[PDB]
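Coordinate inspection notes
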There are 2 protein chains.
Amino acid sequence: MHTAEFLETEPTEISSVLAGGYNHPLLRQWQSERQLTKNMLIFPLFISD
Amino acid sequence: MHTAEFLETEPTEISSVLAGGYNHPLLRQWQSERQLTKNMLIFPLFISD
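Residues numbered from 1 in each chain as written, not as in the entry; some residues may be left out. Chains lettered and ligands numbered in written order. Part of a larger assembly, values for the part shown. Heavy atoms only, no water.

Method of determination, as given in the entry header: X-ray crystallography; reported resolution: 1.8 Å.

Across the boundary between the two partners, chain B contributes 10 residues, which contact 10 residues of chain A. Both sides together, the interface formed by chain B and chain A hides about 750 Å², and carbon and sulfur atoms give 47% of it. Counting across the chain B and chain A interface gives 0 salt bridges. On inspection of chain B and its partner chain A, the count reaches 6 residue pairs in polar contact. Looking at the side of chain B that touches chain A residue by residue, the classes come out as 4 nonpolar, 4 polar and 2 charged. (Contact = heavy atoms within 4.5 Å. Buried area = accessible area lost by both parts, 1.4 Å probe. Salt bridge = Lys/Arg side-chain N within 4 Å of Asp/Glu carboxyl O. Polar contact = N/O pair within 3.5 Å; in protein donor to acceptor, adjacent residues only side chain to side chain. Nonpolar A, V, L, I, M, F, W, Y, C, P; charged D, E, K, R; others polar.)

Overlaying chain B with chain A gives an RMSD of 0.0 Å, the required rotation being 180° about an axis along which the chain moves by 0.0 Å. On the angle and the small slide along the axis, the relation comes out as a two-fold axis. Proximity to the rotation axis, assessed at the C-alpha, singles out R34(B) in chain B; its C-alpha lies 3.0 Å from the axis. When the interface residues of chain B are mapped onto chain A, 100% of them are again interface residues, pointing to one common binding face. (Least-squares fit on C-alpha atoms.)

In this structure, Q29(A) sits in helix α1 (residues 27-30). Side-chain polar atoms of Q29(A) contact the side chain of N39(B), separated by 3.4 Å. (Helix = DSSP H or I, 4+ residues; strand = E, 2+ residues; numbered from the N terminus.)

Positionally, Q35(B) belongs in the segment after α1 (27-30). If we ignore the near neighbours within four places in the chain, the residues touching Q35(B) are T37(A), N39(A), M40(A), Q29(B) and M40(B).

Structure, rendered in structure tokens:
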């Protein structure tokens, strides 16, 4: 039988671990350098004669 | 009489002129690198036994 093979690995390096920063809905807001607000928005108008 | 003296000056250098960027209420919002939103806020709670 072909069985599922698993290699021996080293303990986790702290430097590898990022998921602590985006596991929750509010964190994916924390992670943004700027959040979208209403006064950011400019709407084009085409004016006819 | 002491009169108000005015020195002769050079034409305006464009490099001097910044006020074009914050003359209007919405521009002082434009000028901010991040705007304050509600999900930014963390409120401390002191829990008694």
